[PDB]
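Following: one structure in structure tokens, then a few remarks.
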Amino acid sequence: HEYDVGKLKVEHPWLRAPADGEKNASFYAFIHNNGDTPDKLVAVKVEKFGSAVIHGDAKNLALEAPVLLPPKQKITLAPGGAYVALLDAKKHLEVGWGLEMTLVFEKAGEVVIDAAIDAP
Ligand SMILES: [Cu+2]
């Protein structure tokens, strides 16, 4: 599944459900900038988590930094690379359901998505 906003496409947003005992999750997606002007993923809003921290600099995965989206390029958020940390889960996440999230882009603005929840 995929979502479009402006000239951006967010393809198969997904995450691995927290392991039993853990309250944190890692959010992943394949983001395309199909436009001629740059953009940035600057925030993520999720009701089921206390906060969301964008780790968009693949060279330094401990830094809180937006995901830069240069024109005409595909940026992948994936395990072992850039990702969004979802911190302080409020209820248990059901594998097979979606996690409803709002992505906030600097120029293209907000888009409401459903992330596919995988087993731990
Ligand atoms: Cu999908």
Side-chain angles (χ1 to χ4, degrees):
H1 66 313
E2 60 185 35
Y3 303 87
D4 290 334
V5 64
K7 292 296 193 196
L8 314 181
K9 177 185 304 286
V10 177
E11 197 169 333
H12 196 77
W14 70 283
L15 66 125
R16 297 203 247 246
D20 281 70
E22 296 296 325
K23 290 193 172 193
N24 299 337
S26 297
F27 168 76
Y28 309 117
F30 311 80
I31 314 191
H32 309 230
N33 185 353
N34 294 325
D36 297 316
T37 54
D39 210 335
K40 291 180 189 69
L41 178 68
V42 297
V44 169
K45 294 185 290 197
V46 187
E47 205 288 322
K48 273 214 197 63
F49 283 86
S51 64
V53 174
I54 299 182
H55 293 284
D57 180 355
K59 295 180 174 178
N60 184 354
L61 292 172
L63 176 72
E64 169 166 38
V67 184
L68 308 182
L69 304 160
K72 292 297 182 172
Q73 282 194 232
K74 308 162 189 164
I75 301 314
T76 291
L77 311 193
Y83 74 107
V84 183
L86 310 178
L87 311 181
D88 279 343
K90 295 174 185 176
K91 286 201 184 283
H92 198 254
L93 279 72
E94 198 68 16
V95 184
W97 293 36
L99 179 72
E100 201 174 303
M101 309 171 47
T102 301
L103 309 189
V104 185
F105 295 96
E106 177 178 295
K107 305 301 179 52
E110 304 187 352
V111 56
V112 170
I113 66 155
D114 292 295
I117 304 165
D118 288 28

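Sequential numbering from 1 along the given sequence is applied to the chain's residues. Computed over heavy atoms, backbone and side chain alike; hydrogens, waters and symmetry mates excluded.
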Checking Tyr28, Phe30, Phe27 against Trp14 for ring pair (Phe, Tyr, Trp, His ring centres under 6.0 Å), the one that qualifies is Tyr28
Looking at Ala65, is its backbone amide N or carbonyl O close enough to the side chain of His55 to form a donor-acceptor pair, meaning the two atoms are under 3.5 Å apart?
no
Measuring from atom CD1 of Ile31 to atom CZ of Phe105, what distance do you get when rounded to the nearest 0.5 angstrom?
4.5 Å
So how far is it from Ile113 CD1 to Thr102 OG1, rounded to the nearest 0.5 Å?
8.5 Å
Looking at CG of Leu15 and CE of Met101, how far apart are the two atoms once the value is rounded to the nearest 0.5 Å?
7.5 Å
Measure across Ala52 and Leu86 and return the closest heavy-atom pair with its distance rounded to 0.1 Å.
CB-CD2, 3.8 Å
Under 3.5 Å, which donor-acceptor pairs do the side chains of residues 68-81 form with other protein atoms, sequence neighbours left out?
from: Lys72; atom 1: NZ; to: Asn34; atom 2: O; distance (Å): 3.0

Compare every heavy atom of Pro66 with every heavy atom of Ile54, then report the nearest pair and how far apart it is.
CG2-CA, 4.0 Å
Identify the two heavy atoms, one from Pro13 and one from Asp114, that lie closest to each other, and give their separation to 0.1 Å.
CG-O, 3.6 Å
Output for pair (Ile117 CD1, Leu93 CG), nearest 0.5 Å, gives 4.5 Å
Any chain of hydrophobic side-chain contacts (each under 4.5 Å) joining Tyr3 to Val44?
yes
Over 12 foreign heavy atoms within 6.0 Å of NZ, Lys23
no
Can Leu103 and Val5 be said to form a side chain to side chain contact (heavy atoms under 4.5 Å, CB included), step by step?
CA-CA 10 Å; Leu103 309 189; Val5 64; over 6 Å; no
Look only at the side chain of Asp39 and the backbone of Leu8, and say whether a donor-acceptor pair between them is shorter than 3.5 Å.
no
Hey, mind stepping through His12 and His1 against side chain to side chain contact (heavy atoms under 4.5 Å, CB included) and telling me if it holds?
CA-CA 5 Å; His12 196 77; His1 66 313; 3.5 Å; yes
If I compare all heavy atoms of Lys90 with all of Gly50, which pair ends up nearest, and what's the gap?
CE-N, 4.3 Å
Taking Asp88's backbone N and O only, do any of them form a donor-acceptor pair with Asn24's side chain (distance below 3.5 Å, no angle check)?
yes
Atom pair CD/CG of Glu64 and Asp57 - distance to nearest 0.5 Å
12.5 Å
Hey, is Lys48 close enough to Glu100 for a salt bridge, meaning N to O under 4.0 Å?
no
Inspect the contact between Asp4 and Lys9 and indicate whether a charged nitrogen and a carboxylate oxygen are less than 4.0 angstrom apart.
yes
Do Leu99 and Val111 belong to the same hydrophobic cluster, where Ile, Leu, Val, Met, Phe, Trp and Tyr are linked whenever their side-chain heavy atoms lie under 4.5 Å apart, directly or via other members?
yes
Applying salt bridge (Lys or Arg N to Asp or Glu O under 4.0 Å), name anything that partners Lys7, two or more places apart in sequence or on another chain.
none
